[PDB]
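Enquirer: Structure file model.pdb (PDB, C-alpha atoms) right here:
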ATOM      1  CA  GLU A 963     -17.183  29.200 -11.668  1.00  0.00           C
ATOM      2  CA  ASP A 964     -19.118  25.967 -11.218  1.00  0.00           C
ATOM      3  CA  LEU A 965     -16.668  23.956 -13.286  1.00  0.00           C
ATOM      4  CA  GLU A 966     -13.578  25.046 -11.387  1.00  0.00           C
ATOM      5  CA  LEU A 967     -15.403  24.104  -8.192  1.00  0.00           C
ATOM      6  CA  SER A 968     -15.432  20.563  -9.482  1.00  0.00           C
ATOM      7  CA  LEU A 969     -11.943  20.924 -10.963  1.00  0.00           C
ATOM      8  CA  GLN A 970     -10.197  22.173  -7.843  1.00  0.00           C
ATOM      9  CA  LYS A 971     -12.087  19.670  -5.707  1.00  0.00           C
ATOM     10  CA  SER A 972     -11.377  16.749  -8.029  1.00  0.00           C
ATOM     11  CA  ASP A 973      -7.676  17.542  -7.890  1.00  0.00           C
ATOM     12  CA  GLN A 974      -8.214  17.737  -4.134  1.00  0.00           C
ATOM     13  CA  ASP A 975      -9.589  14.221  -4.397  1.00  0.00           C
ATOM     14  CA  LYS A 976      -6.585  13.224  -6.489  1.00  0.00           C
ATOM     15  CA  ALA A 977      -3.912  14.678  -4.218  1.00  0.00           C
ATOM     16  CA  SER A 978      -5.659  13.002  -1.289  1.00  0.00           C
ATOM     17  CA  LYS A 979      -5.207   9.767  -3.183  1.00  0.00           C
ATOM     18  CA  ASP A 980      -1.729  10.653  -4.472  1.00  0.00           C
ATOM     19  CA  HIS A 981       0.167  10.383  -1.203  1.00  0.00           C
ATOM     20  CA  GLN A 982      -2.097   7.498  -0.216  1.00  0.00           C
ATOM     21  CA  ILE A 983      -0.613   5.342  -2.940  1.00  0.00           C
ATOM     22  CA  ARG A 984       2.754   6.730  -1.897  1.00  0.00           C
ATOM     23  CA  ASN A 985       2.353   6.034   1.829  1.00  0.00           C
ATOM     24  CA  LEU A 986       1.117   2.511   1.180  1.00  0.00           C
ATOM     25  CA  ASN A 987       4.156   2.116  -1.029  1.00  0.00           C
ATOM     26  CA  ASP A 988       6.227   3.567   1.801  1.00  0.00           C
ATOM     27  CA  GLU A 989       4.724   0.866   4.011  1.00  0.00           C
ATOM     28  CA  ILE A 990       5.816  -2.015   1.761  1.00  0.00           C
ATOM     29  CA  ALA A 991       9.312  -0.554   1.696  1.00  0.00           C
ATOM     30  CA  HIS A 992       9.240  -0.203   5.481  1.00  0.00           C
ATOM     31  CA  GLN A 993       8.037  -3.702   6.386  1.00  0.00           C
ATOM     32  CA  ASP A 994      10.273  -5.244   3.691  1.00  0.00           C
ATOM     33  CA  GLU A 995      13.176  -5.870   6.064  1.00  0.00           C
ATOM     34  CA  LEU A 996      10.770  -7.258   8.668  1.00  0.00           C
ATOM     35  CA  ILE A 997       9.747 -10.113   6.395  1.00  0.00           C
ATOM     36  CA  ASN A 998      13.365 -10.317   5.263  1.00  0.00           C
ATOM     37  CA  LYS A 999      15.060 -10.551   8.642  1.00  0.00           C
ATOM     38  CA  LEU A1000      12.481 -13.037   9.891  1.00  0.00           C
ATOM     39  CA  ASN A1001      13.453 -15.098   6.884  1.00  0.00           C
ATOM     40  CA  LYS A1002      16.978 -14.761   8.273  1.00  0.00           C
ATOM     41  CA  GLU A1003      16.107 -15.155  11.963  1.00  0.00           C
ATOM     42  CA  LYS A1004      14.363 -18.511  11.622  1.00  0.00           C
ATOM     43  CA  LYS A1005      17.075 -20.066   9.471  1.00  0.00           C
ATOM     44  CA  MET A1006      19.820 -19.194  11.948  1.00  0.00           C
ATOM     45  CA  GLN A1007      17.480 -20.639  14.531  1.00  0.00           C
ATOM     46  CA  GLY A1008      17.300 -23.537  12.074  1.00  0.00           C
ATOM     47  CA  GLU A1009      20.897 -24.309  12.984  1.00  0.00           C
ATOM     48  CA  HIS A1010      20.216 -24.045  16.722  1.00  0.00           C
TER      49      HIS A1010
ATOM     50  CA  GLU B 963     -15.139  22.411 -23.770  1.00  0.00           C
ATOM     51  CA  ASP B 964     -11.475  22.911 -22.899  1.00  0.00           C
ATOM     52  CA  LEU B 965     -12.227  22.531 -19.198  1.00  0.00           C
ATOM     53  CA  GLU B 966     -14.382  19.510 -19.962  1.00  0.00           C
ATOM     54  CA  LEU B 967     -11.345  17.905 -21.617  1.00  0.00           C
ATOM     55  CA  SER B 968      -9.171  18.505 -18.556  1.00  0.00           C
ATOM     56  CA  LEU B 969     -12.017  17.210 -16.393  1.00  0.00           C
ATOM     57  CA  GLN B 970     -12.305  13.961 -18.338  1.00  0.00           C
ATOM     58  CA  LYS B 971      -8.535  13.537 -18.199  1.00  0.00           C
ATOM     59  CA  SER B 972      -8.684  13.583 -14.407  1.00  0.00           C
ATOM     60  CA  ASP B 973     -11.886  11.521 -14.308  1.00  0.00           C
ATOM     61  CA  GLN B 974     -10.250   8.746 -16.314  1.00  0.00           C
ATOM     62  CA  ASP B 975      -7.106   9.110 -14.217  1.00  0.00           C
ATOM     63  CA  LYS B 976      -8.867   8.907 -10.859  1.00  0.00           C
ATOM     64  CA  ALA B 977     -10.439   5.460 -11.143  1.00  0.00           C
ATOM     65  CA  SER B 978      -7.379   4.159 -12.997  1.00  0.00           C
ATOM     66  CA  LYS B 979      -5.304   5.107  -9.991  1.00  0.00           C
ATOM     67  CA  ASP B 980      -8.025   3.411  -7.955  1.00  0.00           C
ATOM     68  CA  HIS B 981      -7.132   0.342  -9.984  1.00  0.00           C
ATOM     69  CA  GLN B 982      -3.576   0.833  -8.743  1.00  0.00           C
ATOM     70  CA  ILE B 983      -4.573   1.247  -5.116  1.00  0.00           C
ATOM     71  CA  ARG B 984      -6.593  -1.946  -4.791  1.00  0.00           C
ATOM     72  CA  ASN B 985      -4.000  -4.541  -5.776  1.00  0.00           C
ATOM     73  CA  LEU B 986      -1.526  -2.524  -3.757  1.00  0.00           C
ATOM     74  CA  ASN B 987      -4.059  -2.731  -0.936  1.00  0.00           C
ATOM     75  CA  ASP B 988      -4.143  -6.444  -1.690  1.00  0.00           C
ATOM     76  CA  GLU B 989      -0.396  -6.943  -1.232  1.00  0.00           C
ATOM     77  CA  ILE B 990      -0.338  -4.921   1.989  1.00  0.00           C
ATOM     78  CA  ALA B 991      -3.106  -7.279   3.102  1.00  0.00           C
ATOM     79  CA  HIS B 992      -1.359 -10.290   1.565  1.00  0.00           C
ATOM     80  CA  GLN B 993       1.709 -10.343   3.788  1.00  0.00           C
ATOM     81  CA  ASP B 994      -0.412  -9.297   6.788  1.00  0.00           C
ATOM     82  CA  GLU B 995      -1.326 -12.767   7.998  1.00  0.00           C
ATOM     83  CA  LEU B 996       2.029 -14.029   6.738  1.00  0.00           C
ATOM     84  CA  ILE B 997       4.109 -11.763   8.961  1.00  0.00           C
ATOM     85  CA  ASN B 998       1.792 -12.572  11.859  1.00  0.00           C
ATOM     86  CA  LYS B 999       2.342 -16.211  10.975  1.00  0.00           C
ATOM     87  CA  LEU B1000       6.078 -15.608  11.276  1.00  0.00           C
ATOM     88  CA  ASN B1001       5.328 -13.658  14.460  1.00  0.00           C
ATOM     89  CA  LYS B1002       3.449 -16.591  15.955  1.00  0.00           C
ATOM     90  CA  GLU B1003       6.279 -18.935  14.987  1.00  0.00           C
ATOM     91  CA  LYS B1004       8.865 -17.226  17.188  1.00  0.00           C
ATOM     92  CA  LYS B1005       6.347 -17.021  20.015  1.00  0.00           C
ATOM     93  CA  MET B1006       5.722 -20.747  19.558  1.00  0.00           C
ATOM     94  CA  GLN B1007       9.344 -21.858  19.331  1.00  0.00           C
ATOM     95  CA  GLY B1008      10.385 -19.370  22.015  1.00  0.00           C
ATOM     96  CA  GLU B1009       9.703 -21.607  24.993  1.00  0.00           C
ATOM     97  CA  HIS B1010      10.552 -24.538  22.724  1.00  0.00           C
TER      98      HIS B1010
END
Translate the structure described by the file into structure tokens.

Expert:
Amino acid sequence: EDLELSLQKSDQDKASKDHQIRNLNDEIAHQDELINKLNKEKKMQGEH
Amino acid sequence: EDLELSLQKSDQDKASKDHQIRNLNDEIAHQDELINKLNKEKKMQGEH
């Protein structure tokens, strides 16, 4: 009963980290167009 | 000894995923001044 108390809580540590690496990967997908369109916005300003 | 084996599988997996989070935390920090550099460009060339 001691060892499951680590085991359930260590998985609880892992699942707390599992969506964390997902959400930070959801961030890089989300800001991707922001660094992409500002690569586009300056170059069309580069004409002007 | 079976539950020790499943504990050491998670224990090796936890810090190895922590190896995945840090360079991913690096890249989310890497573009951070870069997008704000692009942000300060349009605020600079705006009146220009």

Enquirer: Under the rule of at most 10 Å, produce a per-residue listing of chain B near chain A: chain, number, name, the closest pair of atoms, and the distance in Å, as CSV, using all atoms listed in the file.

Expert:
residue,atom,partner,partner_atom,distance
B:965,CA,A:965,CA,7.5
B:966,CA,A:965,CA,8.3
B:968,CA,A:969,CA,8.4
B:969,CA,A:969,CA,6.6
B:972,CA,A:972,CA,7.6
B:973,CA,A:972,CA,8.2
B:975,CA,A:976,CA,8.8
B:976,CA,A:976,CA,6.6
B:977,CA,A:976,CA,9.8
B:979,CA,A:979,CA,8.3
B:980,CA,A:979,CA,8.4
B:982,CA,A:983,CA,7.9
B:983,CA,A:983,CA,6.1
B:984,CA,A:983,CA,9.6
B:986,CA,A:986,CA,7.5
B:987,CA,A:986,CA,7.7
B:989,CA,A:990,CA,8.5
B:990,CA,A:990,CA,6.8
B:993,CA,A:997,CA,8.5
B:996,CA,A:997,CA,8.7
B:997,CA,A:997,CA,6.4
B:998,CA,A:997,CA,10.0
B:1000,CA,A:1000,CA,7.0
B:1001,CA,A:1000,CA,8.5
B:1003,CA,A:1004,CA,8.8
B:1004,CA,A:1004,CA,7.9
B:1007,CA,A:1007,CA,9.5

Enquirer: Report, in Å to a single decimal, how far apart atom CA of residue 1006 of chain B and atom CA of residue 991 of chain B are.

Expert: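 About the pair atom CA of residue 991 of chain B and atom CA of residue 1006 of chain B: they are 23.0 Å apart.
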
Enquirer: Provide the atom CA of residue 985 of chain B to atom CA of residue 974 of chain A distance in Å, to one decimal place.

Expert: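 Straight-line distance from atom CA of residue 985 of chain B to atom CA of residue 974 of chain A works out to 22.7 Å.
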
Enquirer: Least-squares superposition of chain B on chain A, all Cα atoms, in-order pairing: what RMSD comes out, in Å?

Expert: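 It is 1.6 Å.
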
Enquirer: Have a look at atom CA of residue 1005 of chain A and atom CA of residue 1002 of chain B and let me know their distance in Å, one decimal.

Expert: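 Calculated distance between atom CA of residue 1005 of chain A and atom CA of residue 1002 of chain B is 15.5 Å.
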
Enquirer: Quick one: axis-aligned box around all listed atoms of segment 964-974 of chain A, 8 Å on every side, centre and edge lengths in Å to one decimal, written as AutoDock Vina command-line options.

Expert:
--center_x -13.4 --center_y 21.4 --center_z -8.7 --size_x 27.4 --size_y 25.2 --size_z 25.2

Enquirer: Can you take the partial segment 988-1005 of chain B, add N, CA, C and O atoms, and return it as a PDB file, in the coordinates of the input?

Expert:
ATOM      1  N   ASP B 988      -4.126  -4.996  -1.820  1.00  0.00           N
ATOM      2  CA  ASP B 988      -4.143  -6.444  -1.690  1.00  0.00           C
ATOM      3  C   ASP B 988      -2.824  -6.949  -1.123  1.00  0.00           C
ATOM      4  O   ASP B 988      -2.811  -7.781  -0.210  1.00  0.00           O
ATOM      5  N   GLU B 989      -1.703  -6.432  -1.635  1.00  0.00           N
ATOM      6  CA  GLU B 989      -0.396  -6.943  -1.232  1.00  0.00           C
ATOM      7  C   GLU B 989      -0.059  -6.530   0.192  1.00  0.00           C
ATOM      8  O   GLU B 989       0.554  -7.300   0.940  1.00  0.00           O
ATOM      9  N   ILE B 990      -0.487  -5.333   0.597  1.00  0.00           N
ATOM     10  CA  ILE B 990      -0.338  -4.921   1.989  1.00  0.00           C
ATOM     11  C   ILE B 990      -1.228  -5.766   2.894  1.00  0.00           C
ATOM     12  O   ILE B 990      -0.950  -5.926   4.088  1.00  0.00           O
ATOM     13  N   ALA B 991      -2.308  -6.325   2.345  1.00  0.00           N
ATOM     14  CA  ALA B 991      -3.106  -7.279   3.102  1.00  0.00           C
ATOM     15  C   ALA B 991      -2.567  -8.691   2.940  1.00  0.00           C
ATOM     16  O   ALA B 991      -2.850  -9.567   3.763  1.00  0.00           O
ATOM     17  N   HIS B 992      -1.797  -8.933   1.875  1.00  0.00           N
ATOM     18  CA  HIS B 992      -1.359 -10.290   1.565  1.00  0.00           C
ATOM     19  C   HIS B 992      -0.304 -10.775   2.545  1.00  0.00           C
ATOM     20  O   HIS B 992      -0.362 -11.913   3.020  1.00  0.00           O
ATOM     21  N   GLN B 993       0.664  -9.924   2.867  1.00  0.00           N
ATOM     22  CA  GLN B 993       1.709 -10.343   3.788  1.00  0.00           C
ATOM     23  C   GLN B 993       1.236 -10.274   5.231  1.00  0.00           C
ATOM     24  O   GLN B 993       1.925 -10.761   6.131  1.00  0.00           O
ATOM     25  N   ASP B 994       0.066  -9.673   5.461  1.00  0.00           N
ATOM     26  CA  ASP B 994      -0.412  -9.297   6.788  1.00  0.00           C
ATOM     27  C   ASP B 994      -0.611 -10.495   7.702  1.00  0.00           C
ATOM     28  O   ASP B 994      -0.173 -10.475   8.856  1.00  0.00           O
ATOM     29  N   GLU B 995      -1.251 -11.551   7.202  1.00  0.00           N
ATOM     30  CA  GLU B 995      -1.326 -12.767   7.998  1.00  0.00           C
ATOM     31  C   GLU B 995      -0.010 -13.525   7.940  1.00  0.00           C
ATOM     32  O   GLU B 995       0.295 -14.319   8.837  1.00  0.00           O
ATOM     33  N   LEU B 996       0.789 -13.282   6.902  1.00  0.00           N
ATOM     34  CA  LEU B 996       2.029 -14.029   6.738  1.00  0.00           C
ATOM     35  C   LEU B 996       3.072 -13.566   7.742  1.00  0.00           C
ATOM     36  O   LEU B 996       3.786 -14.386   8.332  1.00  0.00           O
ATOM     37  N   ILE B 997       3.167 -12.255   7.963  1.00  0.00           N
ATOM     38  CA  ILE B 997       4.109 -11.763   8.961  1.00  0.00           C
ATOM     39  C   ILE B 997       3.627 -12.130  10.356  1.00  0.00           C
ATOM     40  O   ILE B 997       4.428 -12.481  11.230  1.00  0.00           O
ATOM     41  N   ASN B 998       2.311 -12.138  10.570  1.00  0.00           N
ATOM     42  CA  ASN B 998       1.792 -12.572  11.859  1.00  0.00           C
ATOM     43  C   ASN B 998       1.909 -14.079  12.009  1.00  0.00           C
ATOM     44  O   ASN B 998       1.932 -14.599  13.130  1.00  0.00           O
ATOM     45  N   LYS B 999       2.001 -14.800  10.891  1.00  0.00           N
ATOM     46  CA  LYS B 999       2.342 -16.211  10.975  1.00  0.00           C
ATOM     47  C   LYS B 999       3.787 -16.385  11.404  1.00  0.00           C
ATOM     48  O   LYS B 999       4.087 -17.216  12.264  1.00  0.00           O
ATOM     49  N   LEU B1000       4.691 -15.591  10.830  1.00  0.00           N
ATOM     50  CA  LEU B1000       6.078 -15.608  11.276  1.00  0.00           C
ATOM     51  C   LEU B1000       6.202 -15.093  12.703  1.00  0.00           C
ATOM     52  O   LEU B1000       7.080 -15.534  13.453  1.00  0.00           O
ATOM     53  N   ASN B1001       5.329 -14.160  13.091  1.00  0.00           N
ATOM     54  CA  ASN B1001       5.328 -13.658  14.460  1.00  0.00           C
ATOM     55  C   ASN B1001       4.899 -14.757  15.421  1.00  0.00           C
ATOM     56  O   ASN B1001       5.482 -14.909  16.499  1.00  0.00           O
ATOM     57  N   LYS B1002       3.914 -15.564  15.032  1.00  0.00           N
ATOM     58  CA  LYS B1002       3.449 -16.591  15.955  1.00  0.00           C
ATOM     59  C   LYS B1002       4.379 -17.793  15.939  1.00  0.00           C
ATOM     60  O   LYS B1002       4.275 -18.668  16.801  1.00  0.00           O
ATOM     61  N   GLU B1003       5.292 -17.863  14.965  1.00  0.00           N
ATOM     62  CA  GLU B1003       6.279 -18.935  14.987  1.00  0.00           C
ATOM     63  C   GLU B1003       7.315 -18.710  16.074  1.00  0.00           C
ATOM     64  O   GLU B1003       7.642 -19.636  16.824  1.00  0.00           O
ATOM     65  N   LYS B1004       7.837 -17.488  16.186  1.00  0.00           N
ATOM     66  CA  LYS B1004       8.865 -17.226  17.188  1.00  0.00           C
ATOM     67  C   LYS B1004       8.280 -17.239  18.591  1.00  0.00           C
ATOM     68  O   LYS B1004       8.969 -17.575  19.559  1.00  0.00           O
ATOM     69  N   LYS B1005       7.001 -16.896  18.721  1.00  0.00           N
ATOM     70  CA  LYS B1005       6.347 -17.021  20.015  1.00  0.00           C
ATOM     71  C   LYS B1005       6.037 -18.477  20.333  1.00  0.00           C
ATOM     72  O   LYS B1005       5.873 -18.842  21.501  1.00  0.00           O
TER      73      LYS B1005
END
